[PDB]
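# Structural overview for review
These are the residues of each chain, in order.
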Amino acid sequence: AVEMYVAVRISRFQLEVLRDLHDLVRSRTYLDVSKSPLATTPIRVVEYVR
Amino acid sequence: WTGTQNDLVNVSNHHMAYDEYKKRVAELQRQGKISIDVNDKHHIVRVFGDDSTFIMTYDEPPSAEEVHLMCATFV
């Protein structure tokens, strides 16, 4: 009723359906700074001990 | 010999003051303040009778508050 004589419609649609809750999990990667920490103070030469 | 005596005395205590100013600056450097890599290379002292001047050169110029800290330490 809120639409007019001619109707505008959509031909294709893509949606993901799931069957079990266990499937809802995915995975991403990180650095684990515990063993490979991010660096600071890059390599320098020694000229001023003190 | 008044001028000679004045310039001899003025250039003498300057060395002894710089000697201990170096120690104080080294103390501040080991703690976190002036920071490392702020070390002078050439220092020149010029004396004309009573009046005297002191010029120190650096490779990397210390920031503004570093200058205040080191000048206060020297004085």
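Residues numbered from 1 in each chain as written, not as in the entry; some residues may be left out. Chains lettered and ligands numbered in written order. Part of a larger assembly, values for the part shown. Heavy atoms only, no water.

- Per the deposited record, the coordinates in this entry were obtained by cryo-EM to a resolution of 3.7 Å.

- Per the PDB entry, chain B goes by the name VP1 and belongs to Scylla serrata reovirus SZ-2007.

- For chain A, the PDB entry supplies the name VP3 and the organism Scylla serrata reovirus SZ-2007.

## A short note on the pattern of salt bridges
- Summed over all chains, the structure comprises four salt bridges over all chains.
- Its salt-bridge partner being B:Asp37, residue A:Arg44 comes within 3.7 Å of it at the nearest N-O pair.
- By relative accessible area, A:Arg44 is classed as exposed at 54%.
- Take B:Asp37: its relative accessible area is 34%, and that puts it in the partly exposed class.
- Across the pair B:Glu20 and B:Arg24 runs a salt bridge, and its minimum N-O distance is 2.3 Å. Residue B:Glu20 and its partner B:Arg24 are located together in helix α1 (residues 2-30), separated by four residues, close to a single helical turn.
- Since its relative accessible area comes to 38%, B:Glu20 is described here as partly exposed.
- Residue classification places B:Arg24 among the partly exposed residues on the basis of a relative accessible area of 46%. (Salt bridge = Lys/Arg side-chain N within 4 Å of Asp/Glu carboxyl O. Buried < 20%, exposed > 50% of the residue type's maximum accessible area, 1.4 Å probe, protein only. Helix = DSSP H or I, 4+ residues; strand = E, 2+ residues; numbered from the N terminus.)

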